[PDB]
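Below sits a lone chain in structure tokens, taken as the form deposited in one PDB entry.
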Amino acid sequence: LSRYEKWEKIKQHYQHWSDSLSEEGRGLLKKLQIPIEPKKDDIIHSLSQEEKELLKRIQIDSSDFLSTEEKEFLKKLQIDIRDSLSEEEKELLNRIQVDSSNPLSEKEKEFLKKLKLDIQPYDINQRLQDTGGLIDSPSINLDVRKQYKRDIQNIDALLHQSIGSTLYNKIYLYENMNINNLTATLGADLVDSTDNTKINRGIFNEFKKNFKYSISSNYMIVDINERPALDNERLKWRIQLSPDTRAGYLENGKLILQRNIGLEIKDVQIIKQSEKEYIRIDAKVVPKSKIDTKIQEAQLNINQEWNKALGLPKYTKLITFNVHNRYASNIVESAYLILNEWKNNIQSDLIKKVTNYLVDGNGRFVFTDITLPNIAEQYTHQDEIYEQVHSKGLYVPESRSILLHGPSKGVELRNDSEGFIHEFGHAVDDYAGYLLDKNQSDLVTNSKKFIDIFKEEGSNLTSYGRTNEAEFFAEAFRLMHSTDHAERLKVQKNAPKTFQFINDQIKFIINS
């Protein structure tokens, strides 16, 4: 309508609802909009002096297991502990994170792994997104888990009034979004590197190609009137609700939408607003069940394809889509591309032999847009939260499963297929070790032979490869199967013993 007429009409529709909210209800909605942060002063006070000194000098961005949120908080914490010091110390501890980008020491690792338990904000919307609504996932303290459930049940009950049959087709709602919240990989290159006012057309095509549906597991907070973008908001969603979509009015002309929303992507276009290019995303709300049907149909389809390609029984459940968030369709469709690259770049007998071993152990290839600590193939086997990891990908020997987190980007990885191939490197290590001694099953990278190889060559490849024997093996494996011939040649030239060792293990596997 008129922008303000639309605002006043929606506010009127929800006025009784708004006036009727209890103090409890208003408090929940406030909490949801603005999460409570952990107390930095209290965290620091709880540390021993040695722990304080340890935290002062830790290279947080060298950790391999923290979420972005955990890292950013620890950085803010670190500023405070350092502030008693002085400028040289301050300036020094603070620019040999150049080539120094060393793996953390075991002492630094163990400290940070426990400390992360104490830095979680109480954030209902983040909890729903990280878990994809699987709020019983044992990735946070049980008592906090219970509070989240109570709050979420209560918010669900608050949001009982639908937008209705009168307004739904007379209004659009809006959401600005950082592309990095859907895909950090494409986000890195979305904007033209020489001219910030422009979108890279190739990356744009990649972004929209398989973007057909979207899920909100958390509560969307949408603008009644479109807000001009902040510098990092290059996505401008324009959303049409369904008559049955439940919502509540929020001050300053917003709506909070019910959680567990499905959205069909109707159109994706580059538009200009004030001499800058943005991506318009036109989306229509549909029942979430309609979207889940599409994901389940895709899961059946991709397994039917890959079971045949790999010579597995047709009914094998190998590939799983654990998909719950706003770039949903791309998580699904990109899995086909990732597996194609895997098959293209690795010998067929190797892929078949290793995958059969995984399947023999009820293993899965899990493609997901929820955080890895909330994937059962991890948490069923890492019962300590301090040992749970978020990362671009993981290999869990106990579940013989490869996990791949779609929305994030691995630092030294160009794409999702390189991450998957890295994890498959761990699977190779596992199966090769299993063959060595089927009775006491260990990784081949734990052999004295490879330990000696790592001690000699472990710094000769990637920075991340330095971490330990297993990561070195996986990194060497990935680089040996790169689409870039120069990278394959680098392993052969700079880590020749590792190159030989891996090829020898590949033969052992294929010949078993």
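Throughout, rigid core stands for the largest set of C-alpha atoms superposing within 1.5 Å between the two forms. Residue numbers here begin at 1 and follow the sequence given.
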> Does a third or more of the other compared entries skip modelling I265?
Replying inline: no
> Taking the other compared entries of this protein, do a third or more of them lack coordinates for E88?
Replying inline: yes
> Of 103 to 111 and 334 to 342, which one has the bigger average CA B-factor?
Replying inline: 103 to 111
> So 185 to 193 or 360 to 368, which one's hotter by mean CA B-factor in the entry?
Replying inline: 185 to 193
> At the C-alpha atoms, which of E387, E418, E412, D267 reaches the highest B-factor in this entry?
Replying inline: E412
> Based on the PDB record, which member of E91, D130, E233, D430 exhibits the highest Cα temperature factor?
Replying inline: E91
>> Split into thirds by Cα B-factor across the chain's modelled residues, where does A157 land: lowest, middle or highest?
In response: middle
> Lowest, middle or highest third: where is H324 by Cα B-factor in its chain?
Replying inline: lowest
>> Please say which third, lowest, middle or highest, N210 falls into when its CA temperature factor is compared across its chain.
In response: middle
> Lowest, middle or highest third of the chain for the C-alpha temperature factor of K352?
Replying inline: middle
> Relative to the other modelled residues in the chain, which third contains the C-alpha temperature factor of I224: lowest, middle or highest?
Replying inline: lowest
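Although it is not shown, the form deposited in another entry is what the next lines describe.
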>> Against the rigid core, a Cα displacement of 2 Å or more between the shown form and the other one applies to just one of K290, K76, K272, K308. Which?
In response: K76
